[PDB]
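Okay, so here's just one chain, in structure tokens, the form deposited in one PDB entry.
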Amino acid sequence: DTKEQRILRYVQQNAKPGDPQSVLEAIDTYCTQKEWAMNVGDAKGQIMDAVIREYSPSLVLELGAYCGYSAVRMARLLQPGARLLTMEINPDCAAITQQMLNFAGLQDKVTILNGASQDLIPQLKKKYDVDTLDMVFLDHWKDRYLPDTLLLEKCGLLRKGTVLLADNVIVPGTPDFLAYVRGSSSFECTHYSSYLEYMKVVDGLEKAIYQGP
């Protein structure tokens, strides 16, 4: 019996089906009071919400769903018809995420793909009928942020104005990605200082807006 299963059960027993906000609150309570977990959390979550509301993206890709906290956070603010694709390599966590979204009533807005970003990204166009992405949320292995950004570009998935939003650019940190986007003319970057989920430790989000070649 895992921490992730305990989080899901806590949601199911302490939130209201179909009420995404109650789901977020339940997860944040459990992770504050019972067991820490690597959800983006409320501090960084509020910044995410402000970004999502600014851009109202029609198609979002998330790398690293975990238990679905960020997927619930984003999907609850998407406009009608807008969609989120989220990728998760750990099959147990993919299943938790699907159940989390089902409980939240967000399952028609989100597709949870069980697999590795580097395998799935090149299939997005032909298999998932993607043209280009409006926003990408990076929250998977930190050493994959840079390679998968470059892969997204190679596959023609970025357009002028695509918003990349990256978790954990301070802790654990993603130093190659951060140096790269901040030094590249193809990205316009902004740093949003915040706190590591459920902890009094500084962390932050980076927004990197793609500008084309």
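Residues carry their position along the shown sequence, with the first being 1. Heads up, when I say rigid core I mean the largest set of C-alphas that superpose within 1.5 Å between the two forms. Residues that one form lacks are left out of the comparison.
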Greater mean Cα temperature factor according to the PDB record, 129 to 137 or 92 to 100: 129 to 137
Of 203 to 211 and 1 to 9, the stretch whose C-alpha atoms average the higher B-factor in the entry: 1 to 9
Out of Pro172, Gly183, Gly68, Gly45, residue topping the C-alpha B-factor column of the entry: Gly183
Candidate residues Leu150, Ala166, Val60, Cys31, the one whose C-alpha B factor the record puts highest: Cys31
Among modelled residues of the same chain, the CA temperature factor third for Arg76: middle
Third of chain Cα B-factors occupied by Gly161: middle
Where the record places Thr111 (Cα B-factor, split into thirds across the chain): middle
Relative C-alpha B-factor of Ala26, binned into the chain's lowest, middle or highest third: highest
CA B-factor ranking of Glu54, expressed as a third of its chain: middle
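The form deposited in another entry is left out here; the points below concern that form.
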Cα displacement of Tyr192 between this form and the one not shown reaching 2 Å, rigid core superposed: no
Displacement runs between this form and the one not shown, C-alpha, 2 Å or more, three or more consecutive residues, core aligned: 38 to 40, 195 to 201
